[PDB]
Each structure stands twice: as structure tokens, then as C-alpha cells.
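The chain below stands alone, shown as C-alpha cells; this is the form deposited in one PDB entry.
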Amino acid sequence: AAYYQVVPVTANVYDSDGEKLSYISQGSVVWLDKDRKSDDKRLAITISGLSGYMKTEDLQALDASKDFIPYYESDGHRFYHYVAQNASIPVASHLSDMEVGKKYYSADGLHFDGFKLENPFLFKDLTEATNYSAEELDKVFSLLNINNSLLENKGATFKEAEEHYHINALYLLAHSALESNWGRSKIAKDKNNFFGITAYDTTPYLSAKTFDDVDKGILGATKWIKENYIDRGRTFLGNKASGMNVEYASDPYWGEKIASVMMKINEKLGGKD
């Protein structure tokens, strides 16, 4: 087979020494890499920029003529990644080299056989501030028809977090938008946790961290991201090879999804970033 799917809740990706490089989610589709040796115990695979090995125990072969395989497609305006059969995200502008309605395949969403994408928000240094003001960030709720968000009118708090912790406020808004459905998830409402931060704070079990109010949620999550990611050399969203996505999420397209939201917000607010 050319394509395999991850069977368990998560599975590790290893290097040739057997060292753990990253982990990926159930249902993720990996490509067999024909330039490296596979055996019955481990397959040489690629996923989200990462070339490594996975245990055959963790994988199921797919048939591309009947099983969903992620792909990219242009509508003539934007280029979309189908991350699931019924879910696409805009990743780039249409290029003249793209045939509209043709499915394209890529292990990193950057290199295609007939064209090359810039995904600049995916690799942007997150310690550089946004050019959007608090009031501009606050406008995006109406421009994207975001209703009943706890993050409505919190632009000033995002900008405070950016001033204090030196973490891009557009990124913070986009990350919170993706992880908590714009501060509308049950975890957002119960625990003021907009960024999917888990800890062992209140229960003997792994649970969403609790923050006291919306502002302390935004500032506390930013502090946590600074201390656990930025300060430890994960300074861009990235993918399974580099950046925050290596550790932050099993979803191999977590970084791409947040970059997509940054792209959409940036377009609606006039392209300052």
C-alpha cells in the first residue's frame, strides 16, 4: 500500500535509532516513503513534514480508490487542505499553476510537483508582535459572524498578553479560536481555558487547566505557552518536523489549522501582518 492510517488513539513516529520524534492522532494518514527501507515491523513513512518510522502494529493499509486520503484543492481563489473527508481549511491563495477542482497530494503542504507554497504564518516567529490593535482584533468577531464568544471585546487583553509575554496576539486569538471554538467550548465556559492546556491541577486525572476568569485565562495560557514552548525553542506553529506542533497536539495539521485562522483574520482586517 502507498497510504496507511493510524489505528490507536495516538501512535509514535520514530527515527532510525528507534528514538521518539513525535506522535500523531488516530485516523491520521501517513505516506509510505519508497526512498527508505521498510520491513514487516516498521514502515518508513512521511506525515506533516516528518520522515520517520512507525510500527506496523499501529497502522492499517488504505486503498486510495475507496478510502479518504487528505488532499489539497483550489477553487480558483484559495487553496484548501481537506484534512478530513468533510472538512477543509484555506491554506494559501490560488496560483495560476493550480488546476481548479484538481486534487493535489503533498507530505508538507509546501512542496507540490508543479508549484511551491509559502505558508508564512506556519513558520512566523511568534515572538514578533501583530500590527493589529486591540480594537482591530475586536472587529473580527462581527466580520467572521462569531456570536456568543467569551473572547468578544478581549482584544485589549490579547494585546496586554503580547506586550507582557512577547507572544503575537494574532496567533493567540487564532490558537484560542481553533482550540476552543472561539471561546465557546465547554472547557472554555467551565474553566476559561481557551488553548487546550491540560494539567493535573484539580483532579487526580489529566484535565483542562482551570483559570479564574476570561482575562486570567488569556494571560495565564500565554504565560504557560511562553514558559513551556517559546522559552524551550518552539517559536513557530510548524508541523510534525519542527515547531510547536511537534509536542503540542497529536493532530498533524494543528499548526496549519491555526495558521489558516491567522490568514483568514489577517485578510478580513486589511492584511497588516
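Residues that one form lacks are left out of the comparison. Numbering starts at 1 and follows the sequence shown. In this text, rigid core is short for the largest set of C-alphas that superpose within 1.5 Å between two forms.
Keep in mind the form deposited in another entry is missing from the figure; the text below concerns it.
Once the two forms are fitted on their rigid core, between the shown form and the other one the CA displacement reaches 2 Å or more only for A199 among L143, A199, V100, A87.
By 3 Å or more, the C-alpha separation between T202 and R234 shrinks in the other form relative to the form shown here. Between this form and the other one, the CA-CA gap for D201 and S250 narrows by 3 Å or more, being smaller in the other form. Segments of at least three consecutive residues in which every Cα is displaced by 2 Å or more between the shown form and the other one, once the core is aligned, occur only at 199-206.
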